[PDB]
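For reference, the chains in residue letters:
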Amino acid sequence: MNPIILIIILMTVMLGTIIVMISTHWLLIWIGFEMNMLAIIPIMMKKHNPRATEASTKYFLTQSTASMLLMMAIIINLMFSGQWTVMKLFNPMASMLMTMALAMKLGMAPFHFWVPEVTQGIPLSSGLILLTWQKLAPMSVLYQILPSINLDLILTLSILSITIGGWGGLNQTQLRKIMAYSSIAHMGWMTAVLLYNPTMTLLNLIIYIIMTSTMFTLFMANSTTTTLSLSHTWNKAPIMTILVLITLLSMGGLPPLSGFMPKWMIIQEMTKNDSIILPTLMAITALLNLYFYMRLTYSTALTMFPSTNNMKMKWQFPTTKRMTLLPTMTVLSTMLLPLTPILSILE
Amino acid sequence: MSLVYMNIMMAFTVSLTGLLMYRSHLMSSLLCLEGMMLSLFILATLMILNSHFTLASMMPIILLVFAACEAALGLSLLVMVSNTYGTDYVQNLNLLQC
Amino acid sequence: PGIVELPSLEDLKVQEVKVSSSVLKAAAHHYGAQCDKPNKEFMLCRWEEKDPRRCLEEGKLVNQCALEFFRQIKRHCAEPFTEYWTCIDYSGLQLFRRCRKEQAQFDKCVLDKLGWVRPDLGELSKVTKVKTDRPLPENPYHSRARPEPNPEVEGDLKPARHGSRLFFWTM
Amino acid sequence: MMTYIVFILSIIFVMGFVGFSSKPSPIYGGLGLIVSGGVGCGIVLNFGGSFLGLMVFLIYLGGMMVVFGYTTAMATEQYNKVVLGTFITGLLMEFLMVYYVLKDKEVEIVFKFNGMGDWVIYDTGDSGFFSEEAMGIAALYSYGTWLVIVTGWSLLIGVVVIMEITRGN
Amino acid sequence: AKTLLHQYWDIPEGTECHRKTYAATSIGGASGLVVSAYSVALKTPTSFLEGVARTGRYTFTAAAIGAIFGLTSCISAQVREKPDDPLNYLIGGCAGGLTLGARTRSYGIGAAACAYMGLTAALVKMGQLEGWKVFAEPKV
Amino acid sequence: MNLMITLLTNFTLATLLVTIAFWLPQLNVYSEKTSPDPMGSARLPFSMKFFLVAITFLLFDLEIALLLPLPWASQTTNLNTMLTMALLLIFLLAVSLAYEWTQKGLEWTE
Amino acid sequence: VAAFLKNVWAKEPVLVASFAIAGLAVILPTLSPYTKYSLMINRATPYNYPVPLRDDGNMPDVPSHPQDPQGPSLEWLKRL
Amino acid sequence: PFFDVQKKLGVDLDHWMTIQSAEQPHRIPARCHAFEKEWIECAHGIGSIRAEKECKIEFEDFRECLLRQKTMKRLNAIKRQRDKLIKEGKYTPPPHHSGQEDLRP
Amino acid sequence: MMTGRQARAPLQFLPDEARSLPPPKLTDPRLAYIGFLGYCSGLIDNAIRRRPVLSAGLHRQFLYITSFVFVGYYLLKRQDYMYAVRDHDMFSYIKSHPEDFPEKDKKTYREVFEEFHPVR
Ligand SMILES: CCCCCCCCCCCCCCCCCC(=O)OC[C@H](COP(=O)([O-])OC[C@H](O)COP(=O)([O-])OC[C@H](COC(=O)CCCCCCCCCCCCCCCCC)OC(=O)CCCCCCCCCCCCCCCCC)OC(=O)CCCCCCCCCCCCCCCCC
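Criteria and cut-off values
- Residues numbered from 1 in each chain as written, not as in the entry; some residues may be left out.
- Chains lettered and ligands numbered in written order.
- Part of a larger assembly, values for the part shown.
- Heavy atoms only, no water.
- Helix = DSSP H or I, 4+ residues; strand = E, 2+ residues; numbered from the N terminus.
- Rg over C-alpha atoms; globule rule 2.2 N^0.38 Å.
- Buried < 20%, exposed > 50% of the residue type's maximum accessible area, 1.4 Å probe, protein only.
- Areas by Shrake-Rupley, 256 points an atom, 1.4 Å probe, with all protein chains shown as cover.
- Contact = heavy atoms within 4.5 Å.
- Buried area = accessible area lost by both parts, 1.4 Å probe.
- Salt bridge = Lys/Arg side-chain N within 4 Å of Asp/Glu carboxyl O.
- Polar contact = N/O pair within 3.5 Å; in protein donor to acceptor, adjacent residues only side chain to side chain.
- Axes fitted to C-alpha atoms, helices over the stretch in contact; angles between N-to-C directions.
- Parallel < 35°, antiparallel > 145°, perpendicular 65-115°, else oblique.
- Left-handed = near helix turned anticlockwise from the far one by under 90°.
- Nonpolar A, V, L, I, M, F, W, Y, C, P; charged D, E, K, R; others polar.
- Near = heavy atom within 4 Å.
- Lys, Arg positive; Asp, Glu negative; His and termini not counted.
- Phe/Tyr/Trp six-rings, centres within 6.5 Å; stacked < 30°, edge-to-face > 60°.
- Disulfide = S-S within 2.5 Å.
- UniProt positions renumbered as here; feature names shortened; annotations may be inferred.

Structure determination for this entry is recorded as cryo-EM, at 2.7 Å resolution.

See the structure below:
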């Protein structure tokens, strides 16, 4: 791709998310989602193979279905309220349709069925954009309509996302599908606390984006898409094994790491509202995510899988890849728990 | 509420269930998606004309334009799939199962 | 809810202006010049009361002042007015520009026999002031009491007592 | 009958969607969506949406569905029980809705729906020397400045995006 | 199917055995139809007859689980005369687990389903007693 | 209503002439014909260029759809903003044309 | 800059006419003495009824009759 | 995250199409202008939780302006009883509800 | 939760009343921990590019420490501000609603009867 065209298209992706974030009219919300999808399709088709065309087709169909259900929810809001302010919806049918549309745009279960395919079909950088930047706009719309979101619907979506994103990654060897099922489970964690305290939703979103961006940046810096090629990293760059070790232990929510920070706070906001069974079963189901993280740490850092002979040539070259913010994101995804009361800046 | 709104909503749900139950062609899925868009255009138009809400009369045109641009993008995706397998069959889009 | 209050059919009886629209359009500028005051009193009452039931009598004055307008045409200048509204009446869009010589004859006969000056371009679209004796409606929307707002923030902002108070953190 | 005409058009509209939601082939599906666009345009026109109806013709049908039929013509090489059964199913569901709301003057699928003609809910005044719908569309250039900016930017990005992903390199 | 669970819980324990058994049968039948619908969704059967056979198998399995659960629970609460007692739903959940093991034609699955479904039904009874909320309304 | 009468008359005259043109020589009993194309039996080759000119039509037609309320838009009292946004939409149609030009999108159907 | 103009006017005069007409359309409404009158005419056009004011007692610039001297006049449009 | 950029910068990107009671071209009122003005001026500033219970009456009048469900139900009742009394022979329409009276103006 | 409080003055990182609060000291242990995070970021940046970890790029390590201390100072100001707003609204609500917050009579243990449970 032409770099000027790449910059204009990425600024258009950002502009779509911004127009979702800053606008007060539902038509501009729908316009921002349309602009975001329309600009992110070439980022997914960056390399021009049949897998990226399949992934972009599946992404287009699911996001287009979600955009049409979003506009039907908007139009029903116009029926029952005569106005267009981006606030609570004035009909439970419009609330259900908009919650379904945003659960499709986030790829929460049982609308998760596009996330592990599309992430596998696209490169690692566009997978990073899909799993970090494409969450910000629908979570903003969910942030603004939470007076009207049905409790049972969003909690069913949350627990179904956590359980399906737990069991999905247990069978995987591809790193992009592992990050995608990790995405599904984390979106379940983010929407389980949305109606109780949306500040912890914003906390979980920020800590998730930091940890996901760390893992995709490590996968790009080592050019690794499978488990078995990530297992050659100790013979190529032994620092990256320590980095994926601490970041995968952090994404599992093991204390004293930063990814223990959201889910603990989530439990801390779900027991104040007298829900005990629900954060308990959520935290027990998070052990599945921890299990396939531990599988990756056994394959990469804590053991040494056998390498090949041609690795000796790759010893004679240093990584010239721009590892943008990788030490910063590594620190901010592991050593951040003593700064846990910083979350009040998100209030 | 009004009796024509029943039919426009039911048309949206018919085109929804057509878009949610594929047969073979990706073009039939795109046509169901644009039937959904057409029903949204009609329903928004009948409300905005019915309420005499003047400034929202530019709203359906916008709802047309963006979505037709969306349709153009979808057609291009179909063509790229049609430039890979010769047809637009959705069962050829199954490489991402593994 | 309550019963709506409709006026009687006797309160709606008035001597109608039973002329066609080309008769009204031909006489329109002199109608706006001569029948200014009760028309503007009625439309002031109509935009202020926001209820036609509070505007019947002034409306009757409109229907009283229009008829006295037409009789004063019918007594003096029936021939140029008839010859002018017939020509206005021919056109499907009822153009003033097709009928300038019948307009000139009607304006000549009216200015001679009645002294009425036809309003210039811009005059009948002016916003005028109206001196009425009916009171200003204090609640024209019939709005009930509005809810009291939430109490605002006041007081100088002191630091957080023992910091965040998050589980073991002292700041 | 002629007091119900918009409702009647809507019935044909729903039947038109069962024309292509059953998906016989993308070409008959395109034809059914064209007929549906014409009758939904007629629904729009019978409320006073003249400009919006001619946008359904000019831009949706004459602009976009032409490109759908054009792209379909460059696929699906030129020479069912499921289509027939789904078509008669949608037909019977719609005429059962018709029969219920016409014998009861009320129905409730998801919301309550009146059974009278939709003429009842109109307005009894004039707009003077303009169409309100026309002036509200004309205010796209006076009041809709941000909307014009984001729409034109999306269309320019759409041109760039189509030229990227169709290039194959 | 929110009213299904309500008309299950509305009858007191050990009082009306037939409608408790029917209500649990209907709840199991609804759950079996849900499992059948997603099962023929994500896994295509080879025929319409194979699809309705899978649907009838899963629906009858879950309905028999519910029927024998409600029957064993109500009969245990009758002969023990202890209505607010989670041991009754423990025995009922183990009976439903043996039912699931007989439908799957295996004893290890039967013992596993006995233990886990008996603990699950005991926890559901204790949540009915002390008012445990799983979909808890936001209060703070 | 007069429009519906006119459309029905035009459709009825068209269907009548089509039925006459399809069934007036069918009355003749000419012969049964057996009769056992530049391409022999080859499949229709897709050309990317026809699809590109069709999508370019669709995109410029959406820009035309934005441009269509201009004779009514000139009647506004915010004429500086109206003129700026009108020139901006025609300029964005021109920029779309220039980008289609300079990246060889208008080639071999120029 | 003068050889470029003759060169493109010999090779591509359609595009020279296009950019010339477009440049005139851009710059010329900001240079015309009549652009003020377009706005003045559009605000002089009475689509709505001129809803009268309640006379409080002190409005010397609001007329009591359309044929009164005070108020906005359109002799500038009759003359031009 | 509603980053309220429009109030921070003081720009009006989309508030103008947001309600029917806003400024309209040629001052065209919506058919429910007054009801929406009353519901907004009731519910303004007091928050949505208090607005759902302290301004329910103006919201019900405004929803019934928008959808006319009570009005259509009342006309259904009157027209249904009217045709029932026509069927029973106990009612006859007046001449001004049959089209025989040379309407008012 | 506090979405209506920070909505009359939107997108203010530090409002004016935050200036009524004492700022974090430059010897804040939280700020020194954020400086330590900057130092660890400098060490990881030397490690992933295979530089000598403690020796190479002291300007770069010092800009890491400087950037984290600089950003974290404002983050701590906003943290202290939001907990101050939290307590201020808490106390004004307790003062504005005495019918919901009664002063409870503290009984002494000579009157308070508790059941004894023997460990045997
Ligand atoms: C005249 C003008 C100038 C005047 C200057 C006056 C001062 C002159 C001296 C200048 C230096 C002052 C230093 C700051 C003040 C002292 C802070 C302090 O000690 O807090 C004790 C702090 C609380 O204990 P305390 O007895 O209740 O409070 C004593 C004071 O009142 C503490 O005062 P406080 O109550 O106001 O403290 C507030 C609050 C007090 O704390 C709390 O309210 C409780 C929450 C604390 C965090 C707990 C997180 C637990 C989960 C994560 C665990 C992470 C793994 C542990 C470490 C793994 C290895 C890295 O602090 C925090 O919440 C901040 C978090 C802790 C940061 C402490 C400062 C670290 C700076 C250097 C960092 C180097 C790496 C340290 C290790 C990394 C982990 C911190 O102790 C701990 O939390 C235990 C861990 C130790 C923390 C670091 C100790 C600082 C010195 C490190 C030197 C050795 C470095 C070795 C190489 C690098 C590591 C391998």
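Trainee: What's the story with the overall build of chain D in this structure? I'm lost.
Mentor: From N to C terminus, chain D includes six helices and two strands. When its helices and strands are written in sequence order, chain D yields α-α-α-α-β-β-α-α. Here the C-alpha radius of gyration of chain D, 20 Å, is well above what a compact globule of 169 residues would show, namely 15 Å. By principal-axis analysis of the C-alpha atoms, chain D measures approximately 60 × 55 × 25 Å. Counting every position in chain D, which comprises 169 residues, the buried fraction comes to 56%. Accessible surface, chain D: about 7300 Å² in total, of which carbon and sulfur atoms supply 68%.

Trainee: Can you walk me through the interface of chain B and chain D in this structure?
Mentor: A common measure of how large an interface is: the accessible area buried when the components associate. Contacts between the two partners involve 56 residues from chain B, matched on the other side by 75 residues from chain D. Taken over both partners, the interface formed by chain B and chain D buries close to 5500 Å², and the fraction arising from carbon and sulfur atoms is 81%. When residues of chain B are sorted by the area they lose upon contact with chain D, B:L3, B:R23 and B:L31 head the list and together hold 12% of the total. Between chain B and chain D we count zero salt bridges in total. The tally of links from chain B across to chain D stands at 11 residue pairs in polar contact. Listed by contribution, the elements that provide at least two residues to the side of chain B that touches chain D are α1 (3-19), α2 (26-51) and α3 (58-85) of chain B.

Trainee: Would you take a moment to explain the packing of helix α1 (residues 5-21) of chain D against helix α4 (residues 81-104) of chain D for this structure?
Mentor: Two measures define how a pair of helices packs: the angle their axes make with one another and the distance between the axes. Residues and elements named next belong to chain D. At a minimum axis separation of 9 Å, α1 and α4 run at an interaxial angle of 160°. With respect to α4, the element α1 is oriented roughly antiparallel. The way α1 lies across α4 gives a crossing that is right-handed. Every residue of α4 that contacts α1 at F7, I11, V14, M15, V18 and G19 is listed here: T86, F87, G90, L91, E94, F95, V98 and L102. Among the residues making up the contact of α1 with α4, the classes are represented as 10 nonpolar, three polar and one charged.

Trainee: Sorry if this is basic, but what is going on with the site of the ligand here?
Mentor: Lining the immediate environment of the ligand, one finds 13 residues, of which C:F168, C:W169, C:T170, I:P29 and I:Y33 sit closest. Here C:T170 contributes a backbone N or O atom positioned 2.7 Å from an oxygen atom of the ligand. Protein chains bury 34% of the 1700 Å² of accessible surface belonging to the ligand in isolation. Grouping the constituent residues of the shell around the ligand by class yields 10 nonpolar, two polar and one charged.

Trainee: When you look at the side chain of H:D4 in this model, what are you seeing that I'm missing?
Mentor: Of note, H:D4 is situated in the segment before α1 (5-9). One buried charge, H:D4, has no salt-bridge partner; the nearest side chain with opposite charge is H:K7, at 6.0 Å. Polar contacts involving the side chain of H:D4 include one to the main-chain amide nitrogen of H:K7, which spans 3.5 Å. When neighbours within four sequence positions are excluded, H:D4 is seen to be in contact with I:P10 and I:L11.

Trainee: In this structure, what is going on with the pattern of salt bridges? I would like to understand it.
Mentor: Side-chain pairing between opposite charges can occur once the charged atoms of the two side chains come close. One pass over the structure, following the stated rule, counts 35 salt bridges over all chains. Across the salt bridge formed by C:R165 and I:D87, the nearest N and O atoms sit 2.3 Å from each other. On the criterion of chain membership, the pair formed by C:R165 in the segment after β1 (129-130) and I:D87 in helix α2 (residues 58-96) is interchain, its members lying in two chains. What makes I:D87 buried here is its relative accessible area of 3%. Note that D:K103 is salt-bridged to D:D104, the shortest N-O span being 3.2 Å.

Trainee: In this structure, what is going on with the packing of aromatic side chains? I would like to understand it.
Mentor: Two numbers describe a pair of aromatic rings. These are the distance of the centres and the angle of the planes. A complete count under the given rule lists 34 aromatic pairs over all chains for this structure. Both rings, one in A:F90 and one in H:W39, keep their centres 5.5 Å apart while their planes meet at 80°; by these two values the pair is edge-to-face. Of this pair, A:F90 sits in the loop between α3 (50-81) and α4 (92-106) while H:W39 sits in helix α2 (residues 33-43), placing the two residues on different chains. For the pair formed by A:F90 and H:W39, the shared burial category is buried. Here the aromatic rings of I:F70 and I:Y74 are separated by 5.3 Å at their centres, their planes lie at 75°, and the arrangement is edge-to-face.

Trainee: What is the right way to read the interface of chain F and chain D from this model?
Mentor: Across the contact, 39 residues belong to chain F and 35 residues belong to chain D. Of the roughly 3500 Å² buried where chain F meets chain D, counting both sides, 81% is carbon and sulfur surface. When the area that chain F buries against chain D is broken down by residue, the three leading residues are F:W72, F:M85 and F:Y99, summing to 18%. Where chain F meets chain D, there are zero salt bridges. Scanning the region where chain F abuts chain D turns up one residue pair in polar contact. Those elements that place two or more of their residues in the side of chain F that touches chain D are α2 (48-67), α3 (70-73) and α4 (79-102) of chain F. When residues of the side of chain F that touches chain D are assigned to their parent elements, the largest contribution, 15 residues, is made by α2(F).

Trainee: Hey, could you run me through unusual backbone geometry in this one?
Mentor: Both trends apply: most residues other than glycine have a negative phi, and most peptide bonds are in trans. Look at the link from A:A109 to A:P110: it is a cis peptide, with omega at 5°. Inspection of the secondary structure assignment puts A:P110 in the loop between α4 and α5 (115-121). A cis amide bond links A:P255 to the next residue, A:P256, at an omega of 10°. Along the chain, the position of A:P256 falls in the loop between α13 (238-251) and α14 (260-270). Phi angles above zero are rare outside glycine, and D:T76 is one such case at about 45°. The residue H:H26 is not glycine, and still its phi comes out positive at about 60°. Looking at the secondary structure, you find H:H26 in the loop between α1 and α2.

Trainee: Honestly, the environment of E:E50 in this entry has me stumped. Any pointers?
Mentor: All names here are of chain E. Tracing the backbone shows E50 in helix α3 (residues 48-80). What makes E50 partly exposed here is its relative accessible area of 38%. With 10 residues separating them in the primary sequence, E50 and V40 have C-alpha atoms 9.6 Å apart.

Trainee: How do you make sense of the state of the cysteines when you look at a structure like this?
Mentor: As used here, a disulfide is simply a covalent bond connecting the sulfur atoms of two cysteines. Residues and elements named next belong to chain H. The final tally for this structure, using the stated rule, is three disulfides over all chains. Through a disulfide, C32 is tied to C65; the S-S separation comes to 2.0 Å. With the S-S dihedral at roughly -100°, the linkage between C32 and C65 falls on the left-handed side. With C32 in the loop between α1 and α2 and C65 in helix α4 (residues 56-67), the pair connects residues that are 33 residues apart, well separated along the chain. For the pair formed by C32 and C65, the shared burial category is buried. With a sulfur-sulfur separation of 2.0 Å, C42 is cross-linked through a disulfide to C55. Around the S-S axis, the bridge from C42 to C55 shows a dihedral of about -90° and counts as left-handed. Of this pair, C42 sits in helix α2 while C55 sits in the loop between α3 (48-54) and α4, placing them 13 residues apart in sequence.

Trainee: How should the UniProt feature "transmembrane region" in chain D be read in this particular structure?
Mentor: All names here are of chain D. Per the UniProt record, "transmembrane region" is annotated on residues 1-21, 25-45, 47-67, 82-102 and 143-163. Along residues 82-102 the backbone is 100% helical and 0% strand, and the end-to-end C-alpha distance reaches 30 Å. Between the end C-alpha atoms of residues 143-163 there is a gap of 32 Å, over a span that is 90% helix and 0% strand.

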